[PDB]
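# Structure assessment
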Protein chains: 2
Amino acid sequence: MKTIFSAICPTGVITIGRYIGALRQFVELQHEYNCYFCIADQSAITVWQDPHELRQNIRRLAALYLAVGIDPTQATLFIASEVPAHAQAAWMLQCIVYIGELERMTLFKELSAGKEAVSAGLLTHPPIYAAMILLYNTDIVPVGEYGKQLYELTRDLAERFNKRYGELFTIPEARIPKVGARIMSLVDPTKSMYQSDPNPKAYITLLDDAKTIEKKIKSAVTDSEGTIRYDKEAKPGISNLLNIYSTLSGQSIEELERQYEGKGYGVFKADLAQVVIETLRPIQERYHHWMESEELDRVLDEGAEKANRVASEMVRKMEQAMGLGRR
Amino acid sequence: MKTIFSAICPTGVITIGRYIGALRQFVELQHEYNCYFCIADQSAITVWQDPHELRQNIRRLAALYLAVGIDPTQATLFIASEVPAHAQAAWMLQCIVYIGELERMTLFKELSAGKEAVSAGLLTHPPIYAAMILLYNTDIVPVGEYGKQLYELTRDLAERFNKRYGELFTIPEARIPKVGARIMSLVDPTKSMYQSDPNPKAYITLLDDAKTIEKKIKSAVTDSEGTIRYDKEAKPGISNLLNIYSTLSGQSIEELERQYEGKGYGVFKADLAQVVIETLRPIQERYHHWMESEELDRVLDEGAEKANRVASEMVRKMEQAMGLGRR
């Protein structure tokens, strides 16, 4: 077996673009790998978070991950802050990393620069992230779009601590995003669907109701020609809709082109909306069921007991190697 | 009962200076305040530390503190790293502090700036310290020499936190050290006594044996004169050794002037070494007995439960205030 570790910030929403190019994969992957799904509450508070909202979100996300198909008998689903080890290890690691290394993190440079007062959270989060990964002997890590610098630093740190106090950390390898394209924005198919899009018309959320999925799907920017055929360059919006239909229906794009021969955007967009709805119907019913069950707390409890057991012993190894404590 | 909290960095030697002007008092204070003596191993590693050596000093400091008279029944002796709440809390405070505040730190601007290869624990250390202090609802903190900045920063963070999330923390008050001429150099009568002094004949490790106590005492700088009289300025060597005689042996300086009138720098450095060695003898006696006993471990355990029972409850009150985790 190999171990995959996935960190989810309990902030924001889940677009079908993240459900399709990332999250839904794991419903199978959990059966081929040792999978960790960790809710990074601790990474959330590096910027202001309304305590009541944050606590709510941590819980929603957990329900959604379960509704979507993550199996807590085969995977470990847990909240970071419930594993004290994560802060323990991030401090050791904070003592290994140089200031420069953090200071030239792009993401820090972005949301820091300009502003005059910034929390040391944004600057020192990486060790916290890298500690989440290395603590469990993580063979494989999801990287995707922005995460390149983070991955690379986690890999450097794991190396650097290994060349010093000895070899203890597995060097994680970045995971290969599957064959396929990004899911684009419904109001500008020249850009990827992001949840941080100003315009809520651009993305669809796993929690959206029938009416909204309709509006957002029907309002999706097409083209002047009138044929349902795939061509990213010439017909990006209509291509992107074929792409979504294809991944959620299980039919090929070539099957779809033929099925809608001499048909037009109207029925095609209405059909597409039923597909998206049919997909989110069971996910949402299950979602609500989880939010109404103590079985939810029960599952997160079991989650943490697993992680602690695994991560504490790794904290013990790190201490017994730098020379902290006793034993 | 007001609570004092003292963090001791497990790195090197306790000169008699720190004994006479700091540590000895606490043998008394422990009876009138609720005291915490925390061996700050977690803080040690902001710089390179040899594992074996580091892990020795931790053991040593704990012995030495017990040896000198620190009663584990009245106070609470403990190693930091053994209390996971210090790490947890330090991450939270890291998210609340300003890169501005950590970067203006004299201690920091001093022991870096050349080269451009500096740890990050070194810049993010204040929040770690703050967290030790605030975790225990500490009412008083020893400051003195170079802590005004670190003490001030703790106050700020404790108010900023209460301000944002509710009033949780006690705002630490600074205990100004007692009025008593600092212990000066044995080679440089006009300069104080720190363990940083290159000249190893300038200071006297609490753990020194008689043969070396002879050399350092009887080879201590004075003046070409020959009368036993106090004058920190003109007789800076004698006035030092004189001060040292007073506090240790018990008799005032003036009384020792009348007893050492008609005498010189031969008999006055004859008995001084006799008092130092006589005063250090039972210390090392009890010291070595701690070092060799399984009891030093049974105390540090008990110490840790004591500390972990208070510290982790606070962490829970924090997480509740910030939104983190559950329940």
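Its PDB header names X-ray crystallography as the technique used to obtain the model and reports a resolution of 2.797 Å.

## A word on the environment of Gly21 of chain B
Considering the arrangement of structural elements, one finds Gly21 of chain B in helix α1 (residues 16-32). Spatially, the C-alpha atoms of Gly21 of chain B and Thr247 of chain B are 9.5 Å apart, while their sequence positions differ by 226 residues.

## Looking at the pattern of salt bridges
For the structure on display, the rule yields 39 salt bridges over all chains. Two residues, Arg316 of chain A and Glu313 of chain A, come together in a salt bridge whose shortest N-O distance is 3.1 Å. Linking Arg316 of chain A with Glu313 of chain A, this pair stays in helix α13 (residues 295-322), spanning three residues, or about one helical turn. Residues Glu214 of chain B and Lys218 of chain B are paired through a salt bridge, measuring 3.0 Å at the closest nitrogen-oxygen approach. Linking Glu214 of chain B with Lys218 of chain B, this pair stays in helix α9 (residues 210-218), spanning four residues, or about one helical turn.

## Details of the packing of α1 of chain B against helix α10 (residues 236-249) of chain B
Residues and elements named next belong to chain B. Where α1 meets α10, the axes come as close as 12 Å, and the angle between the chain directions of the two elements is 45 degrees. Classified by the angle between their axes, α1 and α10 sit oblique to one another. Like other packed secondary-structure pairs, α1 and α10 cross with a definite hand, here left-handed. Contact residues: α1 offers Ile16, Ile20 and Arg24, while α10 offers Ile244, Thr247 and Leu248. Here the residues of the contact of α1 with α10 sort into four nonpolar, one polar and one charged.

## Notes on the packing of aromatic side chains
For the coordinates displayed, the defined rule picks out 28 aromatic pairs over all chains. Measuring from centroid to centroid gives 4.8 Å for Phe161 of chain A and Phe169 of chain A, while their planes differ by 50 degrees, and the two rings are tilted. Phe169 of chain A carries the same exposure label as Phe161 of chain A, and that label is buried. Pairing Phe5 of chain B with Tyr136 of chain B gives two aromatic rings, centres 5.5 Å apart and planes at 15 degrees, and the pair type is stacked. With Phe5 of chain B in strand β1 (residues 3-8) and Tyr136 of chain B in the loop between α7 (125-135) and β4 (140-142), this residue pair connects regions lying 131 residues apart in the sequence. Each member of the pair, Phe5 of chain B as well as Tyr136 of chain B, carries the same accessibility label: buried. Three or more aromatic residues link up through ring pairs in this structure, and these residues are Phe5, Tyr36, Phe78 and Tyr136 of chain A. One residue, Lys216 of chain B, lies across the ring of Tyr203 of chain B, its end atom 5.2 Å from the ring centre. Its end group placed over the ring of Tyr260 of chain B, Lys263 of chain B keeps NZ or CZ at 5.7 Å from the ring centre.

## Examining the relation of the copies chain A and chain B
Relating the two copies of this chain is a rotation about some axis coupled with a shift parallel to it. Between chain A and chain B, which share one sequence, the superposing operator has a rotation angle of 180 degrees and an axial displacement of 0.0 Å; the RMSD is 0.5 Å. Here the copies are linked by what is in effect a two-fold axis. For chain A, the residue whose C-alpha comes nearest the rotation axis is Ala87 of chain A, separated from it by 2.7 Å. Comparing contact sets, 100% of the residues at the interface of chain A also lie at the interface in chain B, consistent with an isologous, same-surface contact.

## As for unusual backbone geometry
Leaving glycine aside, a negative phi is the common case for residues, and trans is the common case for peptide bonds. Here the residue pair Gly114 of chain B and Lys115 of chain B is connected by a cis peptide bond, since its omega of 5 degrees sits within 30 degrees of zero. For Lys115 of chain B, the position within the fold is in the loop between α6 (106-110) and α7. If you check the backbone angles, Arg327 of chain A has positive phi at about 75 degrees while not being a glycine. If you trace the backbone, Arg327 of chain A turns up in the segment after α13. According to the relative accessible area criterion, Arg327 of chain A is exposed, its value standing at 72%.

Reading guide: rules and limits
- Residues numbered from 1 in each chain as written, not as in the entry; some residues may be left out.
- Chains lettered and ligands numbered in written order.
- Heavy atoms only, no water.
- Helix = DSSP H or I, 4+ residues; strand = E, 2+ residues; numbered from the N terminus.
- Salt bridge = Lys/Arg side-chain N within 4 Å of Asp/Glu carboxyl O.
- Axes fitted to C-alpha atoms, helices over the stretch in contact; angles between N-to-C directions.
- Parallel < 35°, antiparallel > 145°, perpendicular 65-115°, else oblique.
- Left-handed = near helix turned anticlockwise from the far one by under 90°.
- Contact = heavy atoms within 4.5 Å.
- Nonpolar A, V, L, I, M, F, W, Y, C, P; charged D, E, K, R; others polar.
- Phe/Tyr/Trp six-rings, centres within 6.5 Å; stacked < 30°, edge-to-face > 60°.
- Buried < 20%, exposed > 50% of the residue type's maximum accessible area, 1.4 Å probe, protein only.
- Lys NZ or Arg CZ within 6 Å of the ring centre and 35° of its normal.
- Least-squares fit on C-alpha atoms.

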